[PDB]
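Let's start with one chain on its own, the form deposited in one PDB entry, as structure tokens.
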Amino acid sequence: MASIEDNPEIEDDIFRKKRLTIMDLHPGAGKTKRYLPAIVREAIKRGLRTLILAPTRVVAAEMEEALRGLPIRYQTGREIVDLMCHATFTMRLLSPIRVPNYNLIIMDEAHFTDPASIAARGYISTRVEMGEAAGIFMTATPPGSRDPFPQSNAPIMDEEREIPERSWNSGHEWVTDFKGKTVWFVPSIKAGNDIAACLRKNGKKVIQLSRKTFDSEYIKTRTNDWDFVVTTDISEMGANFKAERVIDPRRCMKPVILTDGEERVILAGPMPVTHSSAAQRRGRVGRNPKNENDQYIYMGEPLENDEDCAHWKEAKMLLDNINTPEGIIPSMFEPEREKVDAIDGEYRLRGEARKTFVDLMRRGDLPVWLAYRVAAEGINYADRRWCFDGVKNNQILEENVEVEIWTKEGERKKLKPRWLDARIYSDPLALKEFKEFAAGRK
């Protein structure tokens, strides 16, 4: 009645060590849908200890289903295939205890430029090139590409227009007057609330995917019936919503390490996104079946020197600390080597400081740069003194009101961290978490 052609045809040598397969599976295809289960089951058949890396908590679910029925361990008791987020795996790589000797590693959405993704990618490529494993990077925008308008499935109407930046009292029609299938990418959360409010005071109720709430409001994109989507950079990694068109002003904020007086991390004002990033934003459409009326409205042009972004040095701080049987430090994935020009091992710490470094990132929720400086200074995880003893220039304020901290010990102190990383206080939700850290309740 039927041929086993029910499940895809997985070429061979994609499991052959010393090889790195780049699956440029354009969006909407059978990427996680069918391609993965096929490859996974085939490995489980080939008796291969496997590792599956998901970019986000949400994408981890998209894979739990496509893999629902297969022997896999998530986040009996003797499975041979693991599945966790990028960050979780990289954290474990910093542990003094070696990870399993995976014969095959598959990374989903392998373009995410977060420090951890960059580190894991370096680790994986080093493993395949050593001959200890075979790797597979799954992404339509692989590191190195710069194509803002690449092939797609559904016809895309590419045309530039004047996308507003904030609240408007009049003008622009295609905005407040449309079908209701469009995604709007914005630079900051501060600005995302205005363009959002405006769409509310007009004639539409949309959803705001916050910087760190993608694992709550996303699910609602499936059908909570809305006209527009207001996200930030985060959507670019495993986000699927309802839309026939997308508004893309090609803007974003990005962490930068300054070096004037004290070294500090700033979030540089709204700047151009990367080409691959631009694609990713447009790729949210033109990936559907029969549809033909899917247009892309973009303002501004993209740039390619994302080199001053803190993530490259931060990914390096993680790699110099990766524990490897030989002791030879993992290099970065071939196409990303040229982003940082630092000596291999300039950031390697000693056993006890490395653990603190890890803890400050896992239990403290602090960015890589900040946790490294704190650990590098010999400070202990529990010792929060550094949160109040910085110079006068590091006092944090809301409107002009100096923020104070009620420690769980009873005192009321002014928030003045010794090292300043703006990622810890720009977004109110982040400031909240950090306050909890400074108070000693974490």
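The first residue of the shown sequence is 1; numbering continues from there. We call the rigid core the largest set of C-alpha positions that still match within 1.5 Å between the two forms.
Just so it is clear, the following notes concern the form deposited in another entry, a form of the same protein that is not shown.
Participant: If we fit on the core, is the Cα of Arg68 displaced 2 Å or more between this form and the one not shown?
Facilitator: Yes, the C-alpha moves 2 Å or more.
Participant: Once everything's superposed on the core, is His26 shifted 2 Å or more at the Cα between this form and the one not shown?
Facilitator: Yes, because once the rigid core is superposed, the C-alpha of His26 moves 2 Å or more between this form and the one not shown.
Participant: Does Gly269 show a Cα shift reaching 2 Å between this form and the one not shown after rigid-core superposition?
Facilitator: The answer is no, as the C-alpha of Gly269 shifts between this form and the one not shown by less than 2 Å after core alignment.
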